[PDB]
Structure formats: structure tokens, C-alpha cells
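So the structure is just underneath, and the comments pick up after that.
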Ligand code: CLA
Ligand code: CLA
Ligand code: CLA
Ligand code: CLA
Ligand SMILES: CC(C)=CCC/C(C)=C/CC/C(C)=C/CC/C(C)=C/CC/C(C)=C/CC/C(C)=C/CC/C(C)=C/CC/C(C)=C/CC/C(C)=C/CC1=CC(=O)C(C)=C(C)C1=O
Ligand SMILES: CCCCCCCCCCCCCCCCCC(=O)OC[C@H](CO[C@@H]1O[C@H](CO)[C@H](O)[C@H](O)[C@H]1O)OC(=O)CCCCCCCCCCCCCCCCC
Ligand SMILES: CCCCCCCCCCCCCCCC(=O)OC[C@H](CO[C@@H]1O[C@H](CS(=O)(=O)O)[C@@H](O)[C@H](O)[C@H]1O)OC(=O)CCCCCCCCCCCCCCC
Ligand SMILES: CCCCCCCCCCCCCCCC(=O)OC[C@H](CO[C@@H]1O[C@H](CS(=O)(=O)O)[C@@H](O)[C@H](O)[C@H]1O)OC(=O)CCCCCCCCCCCCCCC
Ligand code: HEC
Ligand SMILES: CC1=C(/C=C/C(C)=C/C=C/C(C)=C/C=C/C=C(C)/C=C/C=C(C)/C=C/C2=C(C)CCCC2(C)C)C(C)(C)CCC1
Ligand code: OEX
Ligand SMILES: [Cl-]
Ligand SMILES: [Cl-]
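Right under this line is the structure:
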């Protein structure tokens, strides 16, 4: 009845894709054009119900919506895990090199 | 193993042209990289922002692409954020900002190409150690 | 019990110091 | 005679079983204060937030330690180098939480041990001796200053001073190696020469004098009874000892002059320990051991590891684990 | 509860033994709670009393 | 702490037996 | 059997401490002559 | 005044909230068309009470006083958010940001240290309806989140953690893991607290208010290893209201 | 705490003054040979 919620998350899509609701902002460096500008907006606009909601962020340029569509295949959303998003850990999760 | 022209051949530009450095340009780029960059970029990491390294894979996903000499020379002239959206000459040494980054003043275009070549050659030599950080020391 | 044991041994040593200094066999010239 | 002069005669009297002296007037209270605080703290102090991160480390016997693991724990990193006397705390409970006993102990102890040194000068003067025993003691004394005072100064916190315990000492040594590569520092290498050589020459001297004791006793009794306290004659034959030791090596590698021999015994460990104390005191300012990390590379530029690189891998394991919750930023700059 | 606890033979000092060592808690245990006053009745509703 | 219960007797005997040996030898030295 | 574990050290000291006392006194008696 | 850092440093005043004159007993008019902000909210705790844990019998538990051991590190400050005028005329403060948490350790009689994350994170606090002015009888009541006292990277002394660390007791290789699970498996709690803010002082000119607060929240549970305590915090607060 | 502070200040002051005046009290002449 006692589980590490972070290990459980690794068994979801969080373990395969950038989880727009959970993943630390440094992961958006993996794909072209997302960091830092769009990654900041994605994190700030917080939790999404579906991946495609990311296209509705107020202010995107047409260029930005295109980059985002090119990368939807690299995104997922799962339920917000408190342990991943508290502490400002989406901006700095204690990992450097 | 030795420092061969196959090792010293790097992308000149994005259109697949290549260029072949000499042992001498590589060693010069090494010295110049120590003089002007290694305080922050030793071993291909970035001490003041470890999320961004000098790996070729990373440089290739930069905007504009930086895994070639011209892209790197252009970055030393007019640096930008990883996504190309912001110019950062104010806080990154560049020729544009040689007034506030004095070490960049005496640099010539030949120097920048050497530095760029060294950055592109070193991962071919060191592999994961370049940009890997202390795990690989 | 283990705390008592450690303190006991330490206290014996301090007592030993007292006797070793003040009730030593006095060195005599001869 | 007036009270003051009678007091002065008593303080400096050579007939007191233990010499007091003017240095003793400060030594005695300060050593007592430190000793009493240390004993009470070692047995019963509650856990101390050494690193300032609200993670108390239990140092005392009553809180689950034994003799080997127990310590008086250094004061909190939040305090840094600030002076934290009891009267600066809102309560004793606060003072214990933040590691106040450690400051009280080390300050009274350093003051008392400095006066111990001066007291050695002082009695030697009252007895008509030569004065330099205190100089020999300056080597251990300087060593204590380095790990309890200088190293905290350079690093900005008494929380990085040496803990007053057995396992706490080991912790201090391991972290020191990670942050300074002290093994690769020549002043520590000189300290090892000092103490290995000191033990060597200690055993050499004891064995050569013991080897050449003059027969004064029978096989039944201790040979120690052939020496009488105060006897004018030497109890061993130094020519014989020189004759043995000169042949063991060669004649001039052996001492014939007792005074030269004993000065050498004094000088070797003292100098060596001066250097190792100076080692801690200058690595306190981050002038670290030699760094040969990736010093050897091949014709292509591959790194050819040496034993220095293997030391560096161990150092890295120490670095990344020590004070595992205390760093938020990638460089551990103090 | 403090009054009820006095009315219990485990706290009577004449219930011990010479070589039954230690605190009273080592015998019957550490008292946690009064369970309540027990009232016994038979099937005819009469109240009965334990000797 | 869950220490070894035989630790107490081991320590006590470790101290007592050797110490008693020395005391016996010392006292009979003094009385001759 | 579930005996009192302190019974061992109790018994050991009950034997040892008085016995040693008597041995001390006997041996220093002998060496007087 | 224009006290400078150099006037304050090391005195203990940096952990105190500003106070208002005893003559600041006016009222701040609230214009419902207007939108307001709290430019600074300061909360300075003066007493920490911890609820006792009564034994079995189920007798009453009291809140007992405690000794603070972590010094003048306890105040929340530079907190800001929107002051909303709601349609029923009530006001609602919604915290945006600020220095809105402090770890605190207090000590109970007998030596037990109680750590707690003193906080008003995500505070939403509201007045009664139809508040046309903030006055010296205005009350706010609200709730806030209390996250785990340690966050996910925290390693325990044997190297176990949630987002990092060992997942077992590595020093006891062949021990039965079932009795160690509560210590091995770290859990990150999020609980709610409640706070009352009682305005007792109002400078209607400047928009500054001040008063007392009372908060109730839970203490540290050490990432699931033990039950938390209930804590009641009392102190004083200051706020500055600016039209936005 | 103020009471503790004053008490230590006075104790410390007292012992330091003893040390100072004691060494000022002709300490060079307190040796077994030359009484200056
Ligand atoms: C030789 C005696 C001696 C000495 C040198 C020290 C030295 C010290 N003690 Mg210890 N101490 C002693 C005896 C001594 N102690 C004894 C006997 C006790 C038992 C009561 C204590 C109990 C004690 C406690 C409980 C604490 C110390 C602390 C300290 C430190 C700071 C003291 C301080 O601020 O004084 C400042 C004093 C001066 C600067 C005076 C210098 C002399 C000048 C020339 C005269 C100035 C006069 C003075 C200002 C005014 C006179 C008094 C006035 C208020 C009426 C220092 C290491 C504190 C500590 O370790 O902090 C970590 C601490 O918490 N001491
Ligand atoms: C196998 C034997 C051996 C030998 C020969 C050495 C030798 C040495 N070690 Mg190592 N050491 C050893 C085992 C050994 N060690 C072991 C088992 C350990 C523990 C694991 C260590 C741990 C250790 C540490 C931690 C350190 C050393 C250091 C040293 C140096 C100083 C030693 C010293 O002064 O000792 C005391 C002995 C003397 C003072 C006597 C004289 C010894 C000298 C060296 C011999 C001189 C011979 C001479 C040149 C020949 C002249 C010929 C003719 C002209 C007459 C020296 C190179 C230090 C070092 O690295 O320095 C760089 C140091 O930091 N040692
Ligand atoms: C074989 C291997 C080896 C050897 C021989 C040494 C040898 C030494 N090391 Mg090195 N060390 C090693 C491996 C080794 N180390 C390794 C592997 C590491 C890395 C983990 C280190 C890390 C290391 C550090 C970090 C430090 C040393 C230091 C030292 C020295 C310790 C002794 C000293 O300071 O005396 C000097 C004497 C004293 C400190 C004693 C002071 C005594 C005071 C004045 C009085 C005490 C009174 C007492 C409380 C009362 C008694 C009363 C009683 C009678 C009742 C010595 C030169 C230390 C050093 O150089 O310190 C200066 C030091 O800080 N070592
Ligand atoms: C007036 C004396 C006195 C009294 C009434 C108590 C009473 C108590 N003590 Mg305390 N105690 C005392 C003295 C006393 N103590 C002293 C001197 C010590 C130091 C050794 C202690 C150390 C102590 C500890 C460490 C503990 C207690 C505890 C207790 C409680 C349990 C006692 C128990 O189990 O006894 C058992 C009694 C016996 C088994 C009787 C012994 C009978 C002797 C051995 C007979 C010997 C006969 C002799 C050899 C015949 C030879 C004669 C002839 C042939 C020559 C109780 C409240 C315990 C407790 O609960 O503490 C919280 C506990 O843990 N006591
Ligand atoms: C290949 C072949 C040779 C095979 C054929 C076999 C054959 C028969 C050979 C014979 C021919 C031959 C000799 C060949 C040559 C081969 C050769 C040169 C071999 C090399 C071997 C070699 C490594 C030599 C050993 C090196 C060695 C031990 C040197 C150490 C140098 C040195 C002097 C060190 C000691 C330092 C020092 C002097 C410390 C002093 C210590 C000290 C303070 C002692 C205290 C003390 C001193 C006193 O003094 C007295 C008084 C008293 C009181 C006292 O307290
Ligand atoms: C030669 C023998 C020397 C022995 C040295 C013993 C030092 C004893 C110091 C104990 C305090 C004595 C004064 C009693 C006054 C009441 C304060 C008291 O209860 O505190 C003693 C306790 C000690 O602290 C508590 O120790 C207990 C021991 O069972 C428990 O283990 C607790 O968990 C531990 O926290 O702390 C408090 O009560 C703090 C006071 C609360 C705020 C009041 C401020 C005023 C405090 C004045 C005290 C200054 C005394 C400094 C001592 C200097 C020593 C030279
Ligand atoms: C641990 C406690 C130590 C003292 C601390 C005080 C706490 C309470 C003690 C109160 C009683 C004091 C009596 C002291 C007994 C004594 O020393 O007699 C020894 C001699 C005998 O007195 C001499 O003997 C003669 C007269 S008579 O014997 O005193 O009657 C004569 O020669 C001369 O006048 C006289 O001085 O006295 C002296 O030598 C004077 C100095 C002795 C003081 C040394 C104190 C050392 C403290 C430093 C220890 C630090 C930590 C050590 C831990 C290992
Ligand atoms: C380009 C720069 C070159 C720099 C050279 C180095 C600088 C120092 C120069 C020499 C210093 C003086 C000589 C040595 C000391 C001295 O003079 O004592 C005076 C005596 C005189 O010798 C004795 O000489 C006597 C005659 S007299 O005293 O000189 O009058 C005689 O009686 C007796 O038999 C004989 O033993 O010297 C000795 O006792 C010889 C002992 C061996 C040398 C001792 C030096 C101390 C050892 C330091 C090593 C520590 C290393 C640290 C290890 C961790
Ligand atoms: C010596 C002239 C150099 C060269 C050749 C480079 N740097 Fe730096 N660098 C620093 C920081 C903080 C960044 C990231 C900035 C951001 O995007 O926000 C960088 C980045 C680079 C890159 C891009 C790497 C990538 O993967 O896209 C490159 C090619 C690069 N730098 C080259 C920090 C510093 C310094 C700290 C003061 C110093 C000095 C230098 N850099 C120097 C150089
Ligand atoms: C007079 C004189 C003299 C003498 C002197 C003396 C002898 C002194 C002493 C002194 C002393 C004798 C001191 C002491 C001190 C002490 C201290 C200072 C302590 C402290 C402690 C503490 C504080 C503790 C605490 C705690 C802990 C740690 C834990 C648990 C709890 C408690 C709280 C308990 C002489 C001879 C020199 C001469 C001159 C004159
Ligand atoms: O506390 Mn003790 O130790 Ca000298 O570095 Mn930084 O700090 Mn901490 O870390 Mn590594
Ligand atoms: Cl550590
Ligand atoms: Cl940090």
C-alpha cells in the first residue's frame, strides 16, 4: 500500500516523453527551438488537460505554433505529481552535470 | 591513435561543406579556448549554466545550428539563446561585446575559426567526456 | 547499560590520574 | 610582606606540586571550562544542526552513540564565523541546537593550550633550564589551531572545523581529501615523513640505547634496576652503540655526539609537523594539492589515466556524497 | 481514572515477590486506560459480585 | 540501542581479570 | 529458557569480587614470611 | 524612517514586521469598480503551540507552549497578491508570491523537537460580505497549502529518498523489508492549514493595515515516517494595500 | 543571560589583570641565578 510516487510515474508516459505538467524545464533542450522561450511559456501556463492545449497559449507567434506542432509527438500530459512540481523543482531540480 | 586529417575534418557550414584543419590550427584553438572560454566551458560543459553544453549533438539542435565552423564563428560574433530568439552579447563574450569582454578584443577571424575547430574536433577525440562533466573525469 | 559502562571506564581513568600524580612513588636521588 | 607579593611568590613558586605561574592563571580556568563542557556535552548534549540545514546530527552517548561514533558537534553553518556565546542565545535549548558547546570548548581550549606552551617556557626559566621545550610543543599546538581555528576562518564557518570525536575526525579527513587533495600536497607528505620518521627514530634510539646498556643486574631482575635516579654516570655505552650502528650502515651515517643525536630527534618530527600544520593552514585558503588530472594524453589526445586520475575518482565519490542535502548549486566553493 | 487505578490489586504493595525485579510496569504492564466498571448479572437480571 | 547483551560481561571481565592480576602482584610486593 | 540475562553478570561479580578480595589478602600474607 | 541595512543588520529587526501607530484607527475605503493589490504582507510569529498527544484514555489534549530553537528566522514577508472585490462585497486576497514559508523548529518539554514548515503558500483569504471599508474590526479568514517540509530530493541519513536515493536499507542486506517499508518508502504530503487575520490598525491615508493572526497547520512528518503534530501559530501582521 | 554575560566579563577581566600585573611585577628577577 506504500509506493514511491516518482517510480510509479516512470511507468507512465512521463518515463517516455516530456510531460508538459511535470517534467523539469531542462528536458525541452532535447528538441530544436523549444528552449528557453517556449519552454518558459509551457511551464508557466501550467497544467494542461491534453497535449494539444499547448497550442492555445495566449501570444504564440505563428512560428511558435508550428514548432509546437512539430513536437507534439514528443509531449504527453499526466496528472500533476506534487513531488515533482513543488519546491520550484520544474525550474531547478538539483541536477546539473 | 594519432591526430589524423580524418579527425581534423569538420563541417565548415550547414550545406555539408567540410574543411580540414592542421595540427597547428587545432593546438591554437586549444590554447585560445583556454585563454577565453575554459573558465566557463572547461571540458565542454558550461559552469554558469550546466543545462547547455558544447556537445555536437547539442550544437546541432541549436537555432541557428552550431555544429559547424560558420555557425560557431557567428556565435562568437553575435551570440543568441539556444532557440535563436534573443541576442545575449550583453552577458556572453563576443566580438560584438568586446568592449565589456576585453579578452575578445585581440581576436581575429582566424582565431575564431581555430576555437571553433577545437570545439568541433574535441568530442571526436574524447567522446562522452566532452560535455559529460565529472561523471566522466 | 552501555552508556553507564563507557562513563564508568572513563571515570576510573580520571581516578587513576589522581593517584598516579599525587600518590606516585616519589623519585629519590641516590 | 604585602598580600600582592605573597600571592606573586605563590603563583611562581617552584615548590608547588604542579607549577602554576602567570600563564597558569589563565590556563587553569580555561582548561577547566573546556574540560567540563566537553565531558557533559559528550555524554548528554542533544543533536546539533552542524550544516545549518535543520538536520541535527546526534553526537552524544545518551542520544545513541558509542565512544567511537560520539562527538561534540561543530556549530551551525548558519552561524558561520559569528561569535555565539551562551548569552547570545535566547535559551540554552537554542544554544545546544545550534552547536554552542563546540565554540565554548574550542576557544577555551585553544587559549588554555597556548598558555600551556607559555607555561613550559615559564617553568624552564624558574628552574634555570634552556627555554625551547615550548618550541617543540608549538608543532602540535599549531596543528590544533589549524583544524579548530584557521581552517574555519578560510572556509567561512566553524561548521567545517574538526569535530570533537573519533568518527568526526575521520569525516573531517575524508572531506578534506575531496576538497583539497591533501594526500597530493607536499606539506602533508612532509608531515608523514615527520611522523613516520619520528616513530622510526624513536624505535631506533630506544633500541640502540637499550642494546648497549651496561651489565649492572643479574638475569633475575629487571635491567631497569641498573639505573639509579640521579646517577652521575651514563648507563649505556654510546661508543658501543655507535660501533654497532656505524657498521650496520657506515661509520659516518652514525652519530657519535649525544647532543647532535638528541637535537636531530627533536628537530625531525617538529619540523615535519610544522609543515603539516602549515599544510592545513594554507589549504584553508584553497591552495590545494597537486592536480595531475588528465595530465597524460596520447598522440591523438585520448586521456591516458595515471594513478592520479584514480585518486580523482575516489575524491569525486567523496565530493558528491558529503553533506548530501547542503548544496543547491553545482560548485562547492567552500 | 486515577481513583479507579488505586482500586486495583496490581498496585497493592503486598502482591510482589523477592526476586521479581524491576518496576511494577514490568509485571502487569504499562497501564493505558481504565476499561470501565464491570457489572455482572445472571440470566434472572440479578446483579452479581466477583469476590 | 540494540547492543549485544554479552558485551557488558565481556567488557566487565576484560577490565576486572587483568586488573585484579596486577593488584594481587602489587600488594604482595609491598608486604615484603 | 527465558531467564533474566543480567543474572549472569550478577552471578559472575558475586563470585569474582569477594574471591579476589580473599586472594589479594592471602597472597600478601604469604609474601610476608 | 529611512533606516538602512547598516542600521538594522544584526539587531534582529529584519525579522520583525513594520508596525502602525496606536492612532492608526481609520478606515480604507474600498471602491468596487477599482482593483486592488497587497504590495506587501508581513507575518511575524510570536508563539508556537503544539497540541499534546493524550494517552489512550481519550482525555482532552491541550495546546502547550514550546521553545523556539532556530532563532530570528521565522517571519514571512514580501508577500503579494490580488485583493479582489467580490460581487457580494467581500474582499478576497489571493497570494501570488513572496517569502511565504520558513522552516521552524520548536522544542516541547522533555526535549522533543518539532519541525514545521510555517507557511501561507497559495493563501486565499476572504472577508465577510459587503465590506465597503477596511476597518479595525475587519477579519480575513483563509486557507493555504502546507507542502512536505522536505522536498523530493532530500536524502535521509542512510541515503534513502523519494526522487533520489536508495530504495532500501542497504546496511541490512538480508533483513525482512516488510517492517522497514514506512522508513524506506518516502511520501510527500500536501495538507491544508487555516489562518485568521484580524485587522486592528488602519492608516486610511497610506493603505497600511496591521493586526494579529492565528494559524493552524501540521508539522513535519519526515516524508511519511511518523505522524505530524498539530501546531497553532500566533503573531502579528502588516500589509500595504495599493490600488492596482 | 545579561547576568551571565556581566559575570563572565568580570571573571575574564579579573584573570587577565592578574596575568598582566603578575608579569609586570618584576618577572625577570624571578629566576634561580642572576637577580638582576
Ligand atoms: C582565565 C579565565 C577565562 C578566560 C580568559 C575565558 C575566556 C572566554 N570565555 Mg570563559 N569562563 C571562565 C574563565 C575564563 N573564560 C570561567 C571561570 C567561567 C565560569 C563562570 C567561564 C564561563 C564562560 C561562559 C559560560 C562563556 C565563556 C566565554 C568565553 C569567551 C569570551 C569571553 C568574553 O566575551 O569576555 C569579554 C571580556 C573582555 C574583552 C575583557 C578583557 C579585559 C579588558 C582589558 C577589560 C575590559 C573590562 C570589561 C569590558 C568591563 C568590566 C565588567 C563590567 C561589565 C562591570 C572567551 C573564550 C563564552 C564563549 O565561549 O563563547 C563561545 C561563553 O559563552 N566563558
Ligand atoms: C614498501 C615500503 C615503502 C617505502 C619504501 C615507502 C617510501 C615512502 N613513502 Mg610510503 N607507505 C608505505 C610503504 C612504503 N613507503 C605503506 C605500506 C603505506 C601505508 C599504506 C605508506 C603510506 C605513505 C604516505 C601516506 C606517505 C608515504 C610517503 C613516503 C615517502 C617518505 C617516507 C618516510 O619518510 O618514511 C620515514 C623514513 C625515513 C625518514 C627514513 C629514510 C627513508 C628514505 C626515503 C630512504 C632514503 C634512501 C637513500 C636515498 C639512499 C642513499 C644511498 C647512498 C648514497 C647512501 C617515501 C617515498 C610520503 C610521500 O608520499 O612522500 C612523497 C607520504 O605522504 N607513504
Ligand atoms: C598512513 C597514512 C597516513 C599518515 C601516516 C598520516 C599522517 C598524518 N596526517 Mg594525514 N591523511 C591520510 C593518511 C595519512 N596521514 C589520508 C588517507 C587522508 C585522507 C582521508 C588524510 C587526511 C589528513 C587531514 C585532513 C589531516 C591529516 C593530518 C595528519 C597528521 C596527523 C597527526 C597530527 O596532526 O599531529 C599534530 C598533533 C596534534 C594535532 C595534537 C595536538 C595536541 C594538542 C595541542 C593537545 C591535546 C591535549 C589533549 C586533549 C589532552 C590529553 C590529556 C590527557 C593526558 C589526560 C599526520 C602528519 C592532519 C594535519 O596535518 O594536521 C595538522 C590533518 O588535519 N591527514
Ligand atoms: C534501601 C535500598 C534501596 C531500595 C529500597 C531500592 C529500591 C528499588 N530499586 Mg534501587 N538501588 C539501590 C538501593 C535501593 N534501591 C542501590 C544501592 C543501587 C546501586 C546498586 C540501586 C540501583 C538500582 C537500579 C540500577 C535499579 C534499581 C531499581 C529499584 C526498584 C526495584 C528493586 C528490585 O528489583 O530489587 C530486587 C531485590 C533483590 C533481588 C534482593 C536482593 C537480595 C540480596 C542479593 C540477598 C543477599 C544475601 C546475602 C548474600 C546473604 C549472605 C549472608 C551471610 C551468609 C554471610 C526499587 C524501587 C530498579 C528500577 O526499577 O529502577 C527504575 C533498577 O533498574 N535500583
Ligand atoms: C649484486 C651483488 C652485489 C651480489 C654479490 C654478493 C656480495 C657478497 C656483495 C658484497 C659486495 C657489495 C657490497 C656489493 C655492492 C651492492 C650494493 C651497493 C647494494 C645496494 C644495497 C642498498 C639498497 C643499500 C641499502 C640502503 C640503505 C639502507 C641506506 C640508508 C641510508 C641512510 C644512512 C639511512 C639512515 C638515516 C639515518 C642516518 C638515521 C639515523 C637514525 C637515528 C637517529 C638513530 C639513533 C641513534 C643513532 C646512533 O648513531 C647512536 C649512537 C644512538 C645512541 C642512537 O640512538
Ligand atoms: C562544576 C559543575 C559544572 C556543571 C555545569 C552545569 C551547567 C548547568 C547550566 C544549567 C542551567 C543552570 C541555571 C538554571 C536557570 C534556569 C535555566 C534552565 O533551566 O536551563 C537549563 C535547560 C538545559 O537544556 C535542557 O537540558 C535538560 C537536561 O535534562 C534536557 O535534556 C533538555 O532537553 C535540554 O534542552 O535549558 C533551559 O531551561 C533554558 C532556559 C529557557 C529560557 C530562560 C532564559 C534564562 C536562562 C538562564 C540560564 C543561564 C545559565 C547558563 C549556565 C552557565 C554555566 C556556567
Ligand atoms: C579538578 C579539580 C582541580 C582544581 C579545580 C578546582 C575545582 C574544585 C577544587 C577545590 C579543591 C582544590 C584542591 C586542589 C588539590 C591540589 O591540586 O593539591 C596539589 C598541590 C598541593 O598544594 C600545596 O601543598 C602545600 C600546602 S597544602 O598541602 O595545600 O596544605 C604548599 O606547597 C602549597 O601552599 C600548596 O599550594 O597544590 C598545587 O600544586 C597548586 C596547583 C594545583 C592546582 C592544579 C589544578 C589543575 C587544573 C587543570 C586541569 C585541566 C583538565 C585536567 C583533566 C585531566
Ligand atoms: C643553496 C642553499 C643551501 C641550503 C643548505 C640548507 C640550509 C641549512 C644549512 C645547514 C643548517 C645547520 C646544520 C643542521 C642543523 C645544525 O647545525 O645543528 C648543529 C649540529 C652541528 O653538528 C655537529 O657539529 C658540531 C660542531 S658545531 O656545532 O657546528 O660547532 C659537532 O660537535 C657535532 O659532532 C656535529 O654533529 O648539527 C647536527 O646536530 C646534525 C644533525 C643533522 C642535521 C640537523 C638539521 C635539522 C634536521 C632538519 C630535517 C627536518 C626535515 C623535515 C622532515 C619532515
Ligand atoms: C570563448 C570565446 C567561448 C566560447 C567559444 C563559447 N563560450 Fe559560452 N556560454 C556561457 C553561457 C552561460 C551559455 C548559455 C547562454 C544561453 O543560451 O542562455 C553559453 C553558451 C555557449 C555556446 C552555445 C552552446 C549550445 O549548446 O548551444 C557556445 C558555442 C559557447 N557558449 C561558446 C558562458 C560562458 C562564459 C561564462 C562567463 C564564458 C567565459 C564563455 N561562455 C566563453 C565562451
Ligand atoms: C581563582 C584562582 C585560581 C583558580 C581558578 C579556578 C580553579 C577556576 C576554575 C574554573 C572553573 C571550574 C570553570 C568551569 C567552567 C565550566 C563551564 C563554563 C561549563 C559549562 C557547561 C555547560 C554550559 C553545559 C551545558 C549543557 C550541555 C553541554 C549538555 C547537557 C545540558 C547542559 C545544559 C548541562 C588560580 C589557581 C588559577 C590562581 C588565580 C586565582
Ligand atoms: O560544510 Mn562542511 O564541507 Ca567545506 O565544502 Mn562546502 O562546505 Mn560543506 O561543502 Mn564541501
Ligand atoms: Cl559529510
Ligand atoms: Cl550551495
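Chains as they are written, first to last, in my numbering: chain A, 1 to 97; chain B, 98 to 234; chain C, 235 to 264; chain D, 265 to 598; chain E, 599 to 649; chain F, 650 to 681; chain G, 682 to 714; chain H, 715 to 958; chain I, 959 to 994. Where a beta carbon is used, it is the ideal one built from N, C-alpha and C, also for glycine.
How about residue i: is its Cβ closer than 7 Å to a heavy atom in ligand 4?
{"i": "residue 577 of chain E", "result": "The question about residue 577 of chain E has no answer here: the residues shown for chain E are numbered 599 through 649."}
{"i": "residue 703 of chain G", "result": "no"}
Is residue i near ligand 3, with its Cβ less than 7 Å from a heavy atom?
{"i": "residue 419 of chain D", "result": "no"}
{"i": "residue 446 of chain D", "result": "yes"}
{"i": "residue 410 of chain D", "result": "yes"}
Taking only heavy atoms of ligand 10 into account, decide whether any of them is closer than 7 Å to the Cβ of residue i.
{"i": "residue 962 of chain I", "result": "no"}
{"i": "residue 300 of chain D", "result": "yes"}
{"i": "residue 529 of chain D", "result": "no"}
Drop a sphere of 10 angstroms on the beta-carbon of residue i, count the other beta-carbons inside from all chains shown, and report buried for 16 or more, exposed for fewer.
{"i": "residue 982 of chain I", "result": "exposed"}
{"i": "residue 807 of chain H", "result": "buried"}
{"i": "residue 802 of chain H", "result": "exposed"}
{"i": "residue 443 of chain D", "result": "buried"}
{"i": "residue 122 of chain B", "result": "buried"}
{"i": "residue 72 of chain A", "result": "exposed"}
Just to check, is the beta-carbon of residue i closer than 7 Å to a non-hydrogen atom of ligand 6?
{"i": "residue 248 of chain D", "result": "The requested residue 248 of chain D does not occur in the structure, where chain D is confined to residues 265 to 598."}
{"i": "residue 959 of chain I", "result": "yes"}
Can we count residue i as close to ligand 8, meaning its CB is less than 7 Å from some heavy atom?
{"i": "residue 542 of chain D", "result": "no"}
Can you round the beta-carbon distance between residue i and residue j to whole angstroms, since I take them to be within the 8 Å contact cut?
{"i": "residue 305 of chain D", "j": "residue 324 of chain D", "result": "7 Å"}
{"i": "residue 21 of chain A", "j": "residue 78 of chain A", "result": "6 Å"}
{"i": "residue 852 of chain H", "j": "residue 913 of chain H", "result": "4 Å"}
{"i": "residue 751 of chain H", "j": "residue 958 of chain H", "result": "4 Å"}
{"i": "residue 917 of chain H", "j": "residue 738 of chain H", "result": "4 Å"}
Is residue i near ligand 7 - that is, is its Cβ less than 7 Å away from at least one heavy atom of it?
{"i": "residue 555 of chain D", "result": "no"}
Consider the C-beta atom of residue i and the heavy atoms of ligand 2; say whether any pair is separated by less than 7 Å.
{"i": "residue 940 of chain H", "result": "no"}
Is there at least one non-hydrogen atom of ligand 12 closer than 7 Å to the beta-carbon of residue i?
{"i": "residue 963 of chain H", "result": "Given that chain H is displayed from residue 715 to residue 958, the structure contains no residue 963 of chain H and the question cannot be resolved."}
Are there any heavy atoms of ligand 11 lying less than 7 Å away from the beta-carbon of residue i, as far as the coordinates show?
{"i": "residue 340 of chain D", "result": "no"}
*According to a CB-to-CB cut-off of less than 8 Å, which residues of the stretch 483-517 of chain D neighbour chain C?*
492, 493, 494
*What residues in the stretch 297-327 of chain D have a beta carbon less than 7 Å from any beta carbon of chain C?*
307, 325, 326
*Quick one, which residues of the stretch 20-39 of chain A are near chain H if we go by CB-CB under 7 Å, in chain order?*
none
*Counting by C-beta, which residues lie closer than 5 Å to a heavy atom of ligand 13, in chain order?*
D/591, D/592, D/593
*Note down, in chain order, all residues in the stretch 146-158 of chain B with a beta-carbon under 9 Å from any beta-carbon belonging to chain D.*
147
_So if I threshold CB-CB distances at 9 Å, which residues from the stretch 564-585 of chain D count as touching chain B?_
564, 565, 566, 567, 573, 576, 577, 580, 583, 584
*asked:* For the stretch 365-398 of chain D, list every residue whose C-beta sits within 8 Å of some C-beta in chain I, in sequence order.
replied: 389, 390, 391, 392
*asked:* Under 8 Å, CB to CB, which of the residues in the stretch 203-228 of chain B have a partner in chain D?
replied: 219, 222, 223, 226
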